[PDB]
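Got a structure for you, written out below as structure tokens; questions coming shortly.
Derivation of every value follows stated rules applied to the coordinates shown; laboratory data play no part. All Cβ positions, even for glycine, are placed from backbone atoms using ideal geometry, and neighbour counts span all protein chains on display.
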Amino acid sequence: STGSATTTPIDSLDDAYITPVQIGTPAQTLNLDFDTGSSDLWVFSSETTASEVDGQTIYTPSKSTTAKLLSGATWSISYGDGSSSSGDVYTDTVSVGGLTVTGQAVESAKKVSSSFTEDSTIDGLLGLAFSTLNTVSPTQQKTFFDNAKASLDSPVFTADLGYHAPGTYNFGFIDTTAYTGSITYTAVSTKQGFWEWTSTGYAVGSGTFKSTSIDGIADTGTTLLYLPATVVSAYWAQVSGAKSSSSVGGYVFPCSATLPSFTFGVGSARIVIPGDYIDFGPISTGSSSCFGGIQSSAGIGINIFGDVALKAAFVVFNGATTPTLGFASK
């Protein structure tokens, strides 16, 4: 089997991407944030505290003939940005882009943090990291990909995120028309439950490539590119007037700037992030100070190849017995 679904930015800045997902019978379609950095499929639901729902589409298990309460199971998760959610668990039929899993754990939110309430466009998350990170207790549950894997034509999914445009998540096949040149594959460590890999270095604009190992995660659920402070300083030093602002919470730059590209290494291959991808616009409405899309990972504790990086590439998440990551230009 295979699946193919379009993923769409939630706003003009590509702050996140949503992908329609069919849950239950009859289908209830919710727009979920596909997150390769976590492993819970959770949704706004009829059980969510009413004051914490503000425009989201909810899953109502009582209207689904295939929903079954997973007795005794609860979940609770916290994300890198400090947002959180928690609740109980149903199993139900879940389809993405024509690919169907029966008995998928669908984590129903009783509580969500303000950040989620305030984003009317995201109806939940669909985790695509390794199932070892799943938070369901007392019986840990498998991700959608883990459940689908054995049925897929090939045990892979691909992320093809757009810059200010829709893109695609494919399950079970590699669309050879969706990228240019070759896909370069690189080793993955699953020891922390993430798609963790080591980039071979970087360049700023037309500068010389610096060979250096940068360990980090491929995380579709993180907006920006978070890298070591040395790397980030070298990038922003090439932008006149750029500075790290403690009050704003990272590097800002004059909105009148033309940003240089940033290149990252995948083995001997190179992925080029155009400068425009690094512009996240005014820090507040009407400001001439703009927020940068490359930020320091110092104090996160891990480097994160988020959407800013991933949207510059066609990315293969290879879930073979020994998982790997593949990157191609496009």
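Taking 0.36 nm per residue of separation and subtracting the Cα-Cα distance, what length does fully extending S71 through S83 add? Mind showing how you got there, number by number?
Details: separation 12, 0.36 × 12 = 4.32 nm, distance 2.62 nm.
Taking 0.36 nm per residue and subtracting the Cα distance, the gain is 1.7 nm.
Who wins for biggest fluctuation among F209, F145, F130 in a Gaussian network model of the chain, springs between alpha carbons below 10 Å?
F209
Dipole of the chain (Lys/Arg Cβ +1, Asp/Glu Cβ -1, origin at the Cα centre): which of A148, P20, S45 lies farthest to the positive side?
The Cα lying farthest towards the positive end belongs to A148.
Measuring from centroid to centroid over Cα atoms, what is the spacing of segment 37-69 and segment 195-233 in Å?
36 Å
For every other residue with a beta carbon closer than 15 angstrom to the beta carbon of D279, add +1 if it is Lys or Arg and -1 if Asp or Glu, then tell me the sum. Please report the intermediate quantities before stating the final value.
Numbers: positive: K311; negative: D11, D14, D15, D276, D307.
So the environment of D279 carries a net charge of -4.
Can I ask one more? Under the Kirkwood approximation for Rh and a Cα-based Rg, what ratio Rg/Rh is obtained for segment 5-174? It would help to have the intermediate numbers written out before the result.
Values: Rg = 14.8 Å, Rh = 15.9 Å.
In segment 5-174, Rg relative to Rh is 0.93.
Next up: Just the number, please: percent antiparallel of the DSSP beta bridges in segment 5-174, rounded to the nearest 5. If you can, show how the numbers build up before the last one.
Numbers: 38 of 44 bridges.
Approximately 85 percent, going by the DSSP bridge assignments.
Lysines within cross-link reach of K142: Cα-Cα under 18 Å, excluding same-chain residues under 8 positions apart?
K68, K191
Report, to one decimal in Å, the Kirkwood hydrodynamic radius for the chain based on all distinct Cα pairs. Can you show the working numbers first?
Numbers: mean 1/r = 0.0493 Å⁻¹.
Here the Kirkwood hydrodynamic radius works out to 20.3 Å.
Same structure, new question: In the chain, what % of DSSP beta bridges are antiparallel (nearest 5)? Let's see the in-between values first.
On the way: 78 of 90 bridges.
Taking every DSSP beta bridge with both residues in the chain, the antiparallel ones total about 85 percent.
Which of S38, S113, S131 ends up with the largest GNM mean-square fluctuation for the chain, with Cα atoms connected below 10 Å?
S113
Would you please state the base-10 log of I(q)/I(0) at q = 0.10, 0.12 1/Å for segment 97-234, with intensities from the Debye formula using one equal scatterer on every alpha carbon?
Evaluating at q = 0.10, 0.12 Å⁻¹ gives log10 I(q)/I(0) of -0.48, -0.69.
If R0 is 51 Å, what FRET efficiency do you get for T25 and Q192 from their C-beta distance, rounded to 0.05? Mind showing how you got there, number by number?
Values: r = 36 Å, r/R0 = 0.71.
Calculated value: 0.90.
Now for a separate question. With the contact rule set at Cα under 8 Å and sequence spacing of 6 or more, what percent relative contact order holds for segment 1-92?
Numbers: 120 pairs, mean separation 18.1, N = 92.
Relative contact order, segment 1-92: 20 percent.
Also, quick follow-up: Among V96, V248, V136, whose mean-square fluctuation peaks in a Gaussian network model of the chain (Cα, cutoff 10 Å)?
Greatest mean-square fluctuation among the candidates belongs to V248.
In Å, what Rg and Dmax follow from the Cα atoms of segment 175-330?
My reading of the Cα-based Rg and Dmax gives 15.6, 51 Å.
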